[PDB]
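Beneath this line is the structure, given in structure tokens, with notes to follow.
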Amino acid sequence: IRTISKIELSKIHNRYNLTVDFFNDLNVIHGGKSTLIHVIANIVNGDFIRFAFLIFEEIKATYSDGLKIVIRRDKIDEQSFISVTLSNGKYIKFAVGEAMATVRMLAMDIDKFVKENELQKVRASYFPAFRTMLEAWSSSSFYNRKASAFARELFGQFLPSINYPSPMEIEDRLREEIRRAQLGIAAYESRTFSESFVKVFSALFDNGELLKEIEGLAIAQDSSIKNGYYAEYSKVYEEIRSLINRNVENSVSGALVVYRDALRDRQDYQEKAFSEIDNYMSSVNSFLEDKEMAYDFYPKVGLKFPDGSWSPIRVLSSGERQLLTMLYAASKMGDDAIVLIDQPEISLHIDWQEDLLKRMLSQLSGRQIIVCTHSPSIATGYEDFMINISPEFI
Amino acid sequence: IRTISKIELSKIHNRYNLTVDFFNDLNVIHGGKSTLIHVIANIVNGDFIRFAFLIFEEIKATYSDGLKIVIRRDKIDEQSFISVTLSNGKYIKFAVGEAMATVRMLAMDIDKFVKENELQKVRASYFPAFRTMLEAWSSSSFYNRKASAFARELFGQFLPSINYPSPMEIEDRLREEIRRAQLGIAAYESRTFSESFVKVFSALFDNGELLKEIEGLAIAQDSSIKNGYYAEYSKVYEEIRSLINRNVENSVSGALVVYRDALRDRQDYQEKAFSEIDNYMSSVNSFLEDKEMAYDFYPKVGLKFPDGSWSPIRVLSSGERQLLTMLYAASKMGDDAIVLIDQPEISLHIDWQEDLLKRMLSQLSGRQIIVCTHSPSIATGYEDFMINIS
Amino acid sequence: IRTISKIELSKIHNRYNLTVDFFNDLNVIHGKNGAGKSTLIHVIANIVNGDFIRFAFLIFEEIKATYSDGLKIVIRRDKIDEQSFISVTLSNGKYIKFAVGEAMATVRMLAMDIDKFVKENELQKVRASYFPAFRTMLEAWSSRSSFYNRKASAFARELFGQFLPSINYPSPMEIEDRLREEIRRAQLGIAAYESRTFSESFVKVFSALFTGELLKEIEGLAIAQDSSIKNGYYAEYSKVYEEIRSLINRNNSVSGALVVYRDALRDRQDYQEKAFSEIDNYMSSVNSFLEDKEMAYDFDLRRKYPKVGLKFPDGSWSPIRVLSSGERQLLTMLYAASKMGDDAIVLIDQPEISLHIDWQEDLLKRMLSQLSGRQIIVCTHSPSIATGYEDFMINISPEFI
Amino acid sequence: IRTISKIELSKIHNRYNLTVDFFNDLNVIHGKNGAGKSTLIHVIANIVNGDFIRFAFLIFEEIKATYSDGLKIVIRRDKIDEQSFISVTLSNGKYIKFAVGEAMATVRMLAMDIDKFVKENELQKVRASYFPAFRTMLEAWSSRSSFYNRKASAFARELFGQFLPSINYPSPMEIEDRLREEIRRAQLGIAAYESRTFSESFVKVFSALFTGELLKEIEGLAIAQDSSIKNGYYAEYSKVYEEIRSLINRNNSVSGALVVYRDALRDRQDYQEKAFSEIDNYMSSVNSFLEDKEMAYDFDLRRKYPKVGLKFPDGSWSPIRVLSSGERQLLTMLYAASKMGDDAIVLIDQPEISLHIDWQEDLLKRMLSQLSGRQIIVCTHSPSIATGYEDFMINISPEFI
Ligand SMILES: Nc1ncnc2c1ncn2[C@@H]1O[C@H](COP(=O)(O)OP(=O)(O)OP(=O)(O)O)[C@@H](O)[C@H]1O
């Protein structure tokens, strides 16, 4: 996909410069740090209208696929203007005073420009440093502008939009994925039934160990949470065993083998369909100890304790909720993006900080991750990927 | 189910006494009627607090199961007190002056009383005379309460809470039912799978017309819109008949019969899963002429015009959204209630007026229907069901 | 005046066409449900008003609009270079091409351009009065006039779509105020006629100076004047007649006095009837529906601003607002077809909301019998509204593409 | 009517007392700044209007209020058990005890209680018109009527304190509109008089039927009628006079015809003067101040609604809004003391804002000469306002605790 490669600031706040070269994979930033992340976030999102609130000269923005974004803010006739220039050369220019009035046609122009040049192909998920209090304030896609406006009023009109997925959205997306996976299993069920019929139909004309294998597969299917709609496999296997014992042709062996293949392929397709959900749930569960997240077959999705009582996701504290959202954002079930985190070391025990980056990389999404940290526990074991930001003060 | 049998209005508005005869089936109120409808809805829905806004003396409501309810607006020391007494002597008293302020604890105690003696087992879908403007206003449970407050400020405090379904609600309910239907079909395939194998396994140990029947079943199954995830029954039939041409044991005949029965039972359960939806859409499409309400598979629920282009349900006129809601409210998938329709003949061409009650009864929901219409065309033919109040 | 002659829609909502030829007097429109009748009335209202800025909210290709005086307004919506535009073109050829996105933004300089265009040309002077199908509930929501209706228009447009024409139908408050002004103008006219008649009567007899049957006739005229509601501020005619009769009885020029009094009384009475013709005809036409009471006016002495309200047989009066919705609808519609209104085209959505069957049988009869000459267009589903008017029925059968 | 007789304040602002005895006709109040005169006028205005909800914003103990007809409204504010309450008590004894916090919350059922109280008793039917001292800037900020003033009241109360009484003083638009209605009412009276005179004239001549000097007198009366602005819709008197004169000249009873016409003309002229007496007296009293132009009216050649505005000696007219604040103040105050208003008590804070010294010398003279009988209360510091009214001067000397 498209990942950021290099950011070249010039005279931000008219006092200091900076020039950073990135890696496509994980990026640990240690050392105006939050300001740098905001600049990166506002470029990748394509929300260029915020850069008429920052004093600078020139900001190059080089991607990995060769794309280039050169923003430039100049003051002519005591009037400020922003001159965004891309790789192909389509320079755009609007007046600053237009932007400030709109906040309290211009926005329509920006989206048409960005869409035409294929610039918003990759989104960016922003995790602010004040998310802990922010979710409490939203206790009560509809919380994407209101909460953003609230945060911008509190911390400044340069703050990028708040896109990070709330736990309610995570639960609903898990539910929809479960529905789609179930439908895929049903389609596979139909195809296997047709295929099994024709198979035996032909080799019928052609003229204990397999029983044990089918018994193992049947009890595995009955011991599978995903089979919450049908668990009669042990019963029908014993009926087949009763049928065999009362009375061996070659076709009978073929019937045995086709049953084993049908069970195994149904099981394997189940694993493939639920691969993403199970990998995400296992990665989360490698941290949690008190309970474990799971599902029940409008199939419920929630936490499950060893006592057997379920609970909604909102019972979780702030520390667990941050872990939930970030690990979701680096999973394949999310949206193709660049994970922009301000401070992950909030309400986290030291053990989870030792392995946070490990789990996020081991999910193997391929998405670019850029973290700015001050703790050495977040960054330990990843010395080769650390980038030190030392801005040159002029 | 529970239905109404007898109401005894005594000196409402101080110059009007009336009693009425009911049945448990369709009772077209032909011909003060509007007031009677409101009094039926407020007793059924358990909203007894609303009676503090009516100048009356005493009303008795008699059900079909023997349950009887008595409301008395007594007067003591220039202050009105509503008393509600059930058949088993369940008396709850409250002053009217206290009630008026709270509307603009008491309601909490009232709903506790309703739930404890279970007076809210059956609700009532009120179809008022102003549905067109209100539904468009909502279109722009939450809709129900909000619109009710707006309505009651417009036409009176004693107006029953508007809770008849809206086309948005109808669309969402249809979508949810399709989702549940897909899950049911999927479960049946799983069941059919394992069971068919053991039948064939038994057929191993047991020692052209059928092919044509299988081919017809495959053609019907493939050409069915309900098969949005597998549609190759014709192809697998071709493979099986090719094997016949290549190659008669009784196990071969057993294989043929098990295939035939599998297809027939799959189709039968497929039909039966889409029964509460297909009956409803067949009733609707019997009225509509240049359009057709259909479904497609994430599922899509919209009108299908003859060119093939679609459109959402919100693009319908003011006289077609009404027909959808009234027909849905008398459907088995609709929530069970004693539907009270006020003037069904609003914005309906006279042909639909003749054929409305016929369809609403032929769906056979087993629900009491009470309509109050000034149009003879609505209730023509049904002279027997007429109940003159006079 | 100006009446519609032919409407030719084309691919409204990109699915169906229609072509209707109208009559100048009355147009009863009946058709199948959902076949686009309310859409047709909305198109007519937005064209005749000249409010062309609403047509950037409806998907079509071309809509011709033909008047009776020869005008041929051709609106056309094209999406040239993937940009939609509306090009309204009149008979003389002044096309006014604007971009659709300008109009939609303006609603939530362009309006001045439209206003300059319509005033310069012959697009106004008609001002089609639209009676919506939800007027019964709409008046409850406003408890508005034919020109103070920005609030009610915005509310209705938000509820039913941004193509909905302005709400022009006269509210009962406006009808009452217009009735007061007409009464005031009629009274001044009676006073002006009184002054001129007094001057003429003086000079006439004075110069030409140098009977039982006529006495009975003058007595009949005097008691008629006393039995006239319009003479509420003066009813002394019987008394003065008896004084003149006493003068005659105690004992040429006397014949001259008799004939001039008869002419003066008859011309004053006839001018009274002519001046109050419109008001009395409208009140009688309304009273042909009402049965419990009757609407009328009072010229009570010792106070001014003469009241207009309902009058019961018991004698107690009541204001117009006492009327229910069913009576109020009759009031407003019959005003719009009366000569007291404004020269317009009466656009009614459903003339049967909150109406008993008896009133539906005779609504069109009274509306036509007022003989205003204004064009009336009703969309009905009941056969009682349209009965006895088979020649004026219009069947809407939209041809599908 | 009801006029104040005696005011006995007690511990206003919890620091000083005062006790003033008033006159029924006119009360000139003179003192110094900080002696609590504007506070006294506010107290009087809020009591007479019956707007008792404002008295939960002033710290006091007891305020007696005495009329001329014997009423003895005693309001009292006590902080019993650390809770403040207002107990207004009238002569008959209907105390209405409410808690202060209810009133303050309501501003930002109580009003219904006040309305029921005032209607049952004899507290309303007065509606004191209050002219604030800051009216000059207030009208400029609003560039309103005596009953459509919620917006202006809230603005003024926010600027000068939550004890400020409602703004009832008639805006010039209301004065102009009331003048139009009064002209209309006068016209209706003329029309009623026209009908009665026509009947009376008939019987008169008819009986007495069975010269140079009188012709000159009738000619003078006829030219006077033609030279009268009130006859803006009938000015044919000269023509008809010449026709009768021509009839006489070409060749007893003729003398009788002359005298009855003269009596008819004189009574018609006198009733015209009587009907327009109030309007002409008010306009003349205003015109005794103005010098650049003069206020008058025009009966147009248009359809109706005769214009009333300023008229300059050049002949060009102008609307009333052309006037500055200084002229506008004279207009409003002189209206409030005129018979054309509503029976009330004229409450003026300072009758010298934006007024030249000459106009201050003669304001009260015109105001008294109108002879309305209404009570006038002015708070002045100039000796020119109070000159010639020594017997009516009131000295405010408050008694500190
Ligand atoms: N936004 C839209 N997009 C597409 N088709 C639409 C849209 N709005 C309306 N239609 C269709 O165009 C026609 C317009 O319906 P309309 O409300 O004008 O019908 P009507 O015959 O006047 O109805 P009724 O007599 O019931 O009041 C209908 O066939 C409707 O389905």
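Residues are named by chain letter and number: chains run A, B, ... in the order of the structure tokens, numbers start at 1 in each chain, and ligands are numbered from 1 in the order shown.
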
At most 10 Å from ligand 1 (only C-alpha atoms and all ligand atoms): residue list as a PyMOL selection string | (chain B and resi 132+288-291+303+305+310-323+346-349) or (chain C and resi 12-16+30-42+57-59+133+161+349-350+379-381+396-398)

Same residues, C-alpha atoms, output as a compact mmCIF listing (two decimals), in the first residue's frame:
# COMPACT_ATOMS: atom_id res chain seq x y z
CA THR B 132 -49.76 11.83 6.22
CA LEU B 288 -49.59 -1.28 -6.85
CA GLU B 289 -49.78 -1.11 -10.63
CA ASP B 290 -46.67 0.41 -12.24
CA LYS B 291 -44.31 -0.61 -9.40
CA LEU B 303 -39.25 -1.12 -5.27
CA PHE B 305 -39.83 -0.79 -11.56
CA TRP B 310 -34.60 0.31 -8.09
CA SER B 311 -35.62 3.04 -5.62
CA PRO B 312 -36.00 3.19 -1.81
CA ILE B 313 -39.38 2.93 -0.11
CA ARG B 314 -39.29 6.66 0.79
CA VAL B 315 -39.97 7.69 -2.84
CA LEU B 316 -43.60 6.58 -2.56
CA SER B 317 -46.58 8.93 -2.71
CA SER B 318 -48.80 10.03 0.17
CA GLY B 319 -51.44 7.46 -0.79
CA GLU B 320 -49.13 4.44 -1.01
CA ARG B 321 -47.21 4.79 2.27
CA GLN B 322 -50.60 4.70 4.03
CA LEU B 323 -51.54 1.42 2.28
CA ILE B 346 -57.70 9.10 3.25
CA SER B 347 -55.81 9.56 -0.06
CA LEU B 348 -56.98 6.23 -1.52
CA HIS B 349 -58.47 5.69 -4.96
CA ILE C 12 -40.19 13.48 -14.55
CA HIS C 13 -38.00 11.36 -12.23
CA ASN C 14 -36.53 9.88 -15.49
CA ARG C 15 -39.27 7.25 -15.71
CA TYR C 16 -42.57 8.57 -17.07
CA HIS C 30 -58.84 12.09 -11.22
CA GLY C 31 -56.41 9.22 -11.59
CA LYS C 32 -54.84 6.14 -10.07
CA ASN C 33 -53.06 6.50 -6.74
CA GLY C 34 -49.40 7.40 -6.99
CA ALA C 35 -49.66 8.28 -10.69
CA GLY C 36 -48.26 11.77 -10.11
CA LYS C 37 -51.15 14.17 -9.55
CA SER C 38 -49.72 16.20 -6.63
CA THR C 39 -46.48 16.49 -8.64
CA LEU C 40 -48.44 18.02 -11.54
CA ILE C 41 -50.10 20.59 -9.26
CA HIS C 42 -46.71 21.50 -7.75
CA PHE C 57 -34.76 20.05 -6.91
CA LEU C 58 -36.64 17.90 -9.44
CA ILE C 59 -35.10 15.43 -11.89
CA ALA C 133 -53.66 18.55 1.16
CA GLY C 161 -39.42 18.23 0.19
CA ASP C 349 -54.92 19.44 -3.61
CA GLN C 350 -57.86 17.59 -2.02
CA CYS C 379 -57.55 16.65 -7.58
CA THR C 380 -60.22 14.37 -6.18
CA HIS C 381 -60.77 10.71 -5.40
CA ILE C 396 -54.16 11.16 -15.54
CA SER C 397 -52.54 8.16 -17.25
CA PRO C 398 -48.76 8.69 -17.10

Among the residues of range 225-304 of chain C, find those DSSP assigns to alpha helix (DSSP H) from the backbone and print them as a ChimeraX atom specification.
-> /C:225-226,237-249,253-275,277-287

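With only C-alpha atoms as the atoms that count, the minimum distance from residue 186 in chain B to the choices A:185, A:76, A:54, A:133 is reached by A:185.
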
Selection: 9 Å around residue 154 in chain B, only C-alpha atoms, excl. self and same-chain fewer than 3 positions, as a ChimeraX atom specification = /B:149-151,157 /C:137,140-141,143

Go ahead and dump the residues you just picked, C-alpha atoms, as a PDB file, in the first residue's frame.
ATOM      1  CA  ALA B 149     -45.982  14.762  22.128  1.00  0.00           C
ATOM      2  CA  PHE B 150     -46.103  16.990  19.015  1.00  0.00           C
ATOM      3  CA  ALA B 151     -49.535  15.589  18.066  1.00  0.00           C
ATOM      4  CA  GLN B 157     -53.983  16.281  25.642  1.00  0.00           C
TER       5      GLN B 157
ATOM      6  CA  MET C 137     -53.354  20.301  10.274  1.00  0.00           C
ATOM      7  CA  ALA C 140     -53.670  24.072  13.693  1.00  0.00           C
ATOM      8  CA  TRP C 141     -49.864  24.417  13.642  1.00  0.00           C
ATOM      9  CA  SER C 143     -52.618  28.515  16.193  1.00  0.00           C
TER      10      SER C 143
END

Can you tell me, as a PyMOL selection string, what residues are no more than 8 Å from residue 164 in chain A when counting only C-alpha atoms, ignoring any on the same chain fewer than 2 positions away?
-> chain A and resi 125-127+162+166+325+329

Closest atom pairs, chain B residues within 7 Å of chain A, only C-alpha atoms, as CSV:
residue,atom,partner,partner_atom,distance
B:186,CA,A:186,CA,5.2
B:187,CA,A:229,CA,6.1
B:189,CA,A:189,CA,7.0
B:190,CA,A:189,CA,6.9
B:193,CA,A:193,CA,6.3
B:198,CA,A:240,CA,6.3
B:202,CA,A:243,CA,6.8
B:229,CA,A:187,CA,5.5
B:230,CA,A:187,CA,6.3
B:236,CA,A:194,CA,6.9
B:240,CA,A:198,CA,6.4
B:243,CA,A:202,CA,6.6

Write out as a ChimeraX atom specification every residue belonging to chain D that has an atom at most 9 Å from any atom of chain C, counting only C-alpha atoms.
-> /D:184-185,187-192,194-196,198-200,202-203,206-207,233-234,236-237,240,243-244,247-248,254,257,261,304

Tell me which protein, DNA and RNA residues are within 9 Å of residue 83 in chain B, counting only C-alpha atoms, leaving out same-chain ones fewer than 2 positions away, and put them as JSON, numbers by chain.
-> {"B": [70, 71, 72, 73, 74, 81, 85, 91, 92, 93, 94, 95]}

Those same residues, written as a PDB file, in the first residue's frame with N, CA, C and O atoms?
ATOM      1  N   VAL B  70     -62.935  -0.567  35.215  1.00  0.00           N
ATOM      2  CA  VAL B  70     -63.852   0.509  35.578  1.00  0.00           C
ATOM      3  C   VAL B  70     -63.023   1.749  35.882  1.00  0.00           C
ATOM      4  O   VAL B  70     -62.065   1.686  36.660  1.00  0.00           O
ATOM      5  N   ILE B  71     -63.391   2.872  35.268  1.00  0.00           N
ATOM      6  CA  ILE B  71     -62.739   4.161  35.471  1.00  0.00           C
ATOM      7  C   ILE B  71     -63.784   5.126  36.010  1.00  0.00           C
ATOM      8  O   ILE B  71     -64.880   5.229  35.449  1.00  0.00           O
ATOM      9  N   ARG B  72     -63.453   5.825  37.096  1.00  0.00           N
ATOM     10  CA  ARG B  72     -64.390   6.766  37.702  1.00  0.00           C
ATOM     11  C   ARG B  72     -63.684   8.065  38.053  1.00  0.00           C
ATOM     12  O   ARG B  72     -62.766   8.079  38.879  1.00  0.00           O
ATOM     13  N   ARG B  73     -64.120   9.153  37.415  1.00  0.00           N
ATOM     14  CA  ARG B  73     -63.614  10.502  37.674  1.00  0.00           C
ATOM     15  C   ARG B  73     -64.521  11.150  38.721  1.00  0.00           C
ATOM     16  O   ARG B  73     -65.413  11.945  38.417  1.00  0.00           O
ATOM     17  N   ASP B  74     -64.324  10.755  39.978  1.00  0.00           N
ATOM     18  CA  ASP B  74     -65.161  11.317  41.025  1.00  0.00           C
ATOM     19  C   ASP B  74     -64.721  12.738  41.365  1.00  0.00           C
ATOM     20  O   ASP B  74     -63.619  13.177  41.024  1.00  0.00           O
ATOM     21  N   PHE B  81     -60.685  13.238  40.962  1.00  0.00           N
ATOM     22  CA  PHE B  81     -59.861  12.096  41.341  1.00  0.00           C
ATOM     23  C   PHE B  81     -60.240  10.932  40.438  1.00  0.00           C
ATOM     24  O   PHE B  81     -61.382  10.463  40.477  1.00  0.00           O
ATOM     25  N   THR B  85     -60.522   0.683  38.754  1.00  0.00           N
ATOM     26  CA  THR B  85     -60.840  -0.547  39.469  1.00  0.00           C
ATOM     27  C   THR B  85     -60.910  -1.690  38.468  1.00  0.00           C
ATOM     28  O   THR B  85     -61.654  -1.608  37.486  1.00  0.00           O
ATOM     29  N   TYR B  91     -57.805  -1.350  42.965  1.00  0.00           N
ATOM     30  CA  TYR B  91     -58.112   0.074  43.041  1.00  0.00           C
ATOM     31  C   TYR B  91     -56.846   0.897  43.262  1.00  0.00           C
ATOM     32  O   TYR B  91     -56.075   0.643  44.195  1.00  0.00           O
ATOM     33  N   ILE B  92     -56.627   1.856  42.363  1.00  0.00           N
ATOM     34  CA  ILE B  92     -55.538   2.825  42.422  1.00  0.00           C
ATOM     35  C   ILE B  92     -56.138   4.209  42.191  1.00  0.00           C
ATOM     36  O   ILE B  92     -56.812   4.444  41.180  1.00  0.00           O
ATOM     37  N   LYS B  93     -55.932   5.108  43.148  1.00  0.00           N
ATOM     38  CA  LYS B  93     -56.512   6.441  43.136  1.00  0.00           C
ATOM     39  C   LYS B  93     -55.396   7.468  42.966  1.00  0.00           C
ATOM     40  O   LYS B  93     -54.286   7.286  43.474  1.00  0.00           O
ATOM     41  N   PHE B  94     -55.711   8.563  42.265  1.00  0.00           N
ATOM     42  CA  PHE B  94     -54.790   9.678  42.082  1.00  0.00           C
ATOM     43  C   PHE B  94     -55.566  10.913  41.640  1.00  0.00           C
ATOM     44  O   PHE B  94     -56.518  10.818  40.861  1.00  0.00           O
ATOM     45  N   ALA B  95     -55.143  12.063  42.157  1.00  0.00           N
ATOM     46  CA  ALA B  95     -55.739  13.351  41.835  1.00  0.00           C
ATOM     47  C   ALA B  95     -55.347  13.828  40.440  1.00  0.00           C
ATOM     48  O   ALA B  95     -54.289  13.484  39.906  1.00  0.00           O
TER      49      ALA B  95
END

If you run DSSP on the backbone, which residues of range 47-158 of chain C are strand (DSSP E), as number ranges by chain?
-> C: 62-67, 72-78, 85-88, 96-99, 129-131
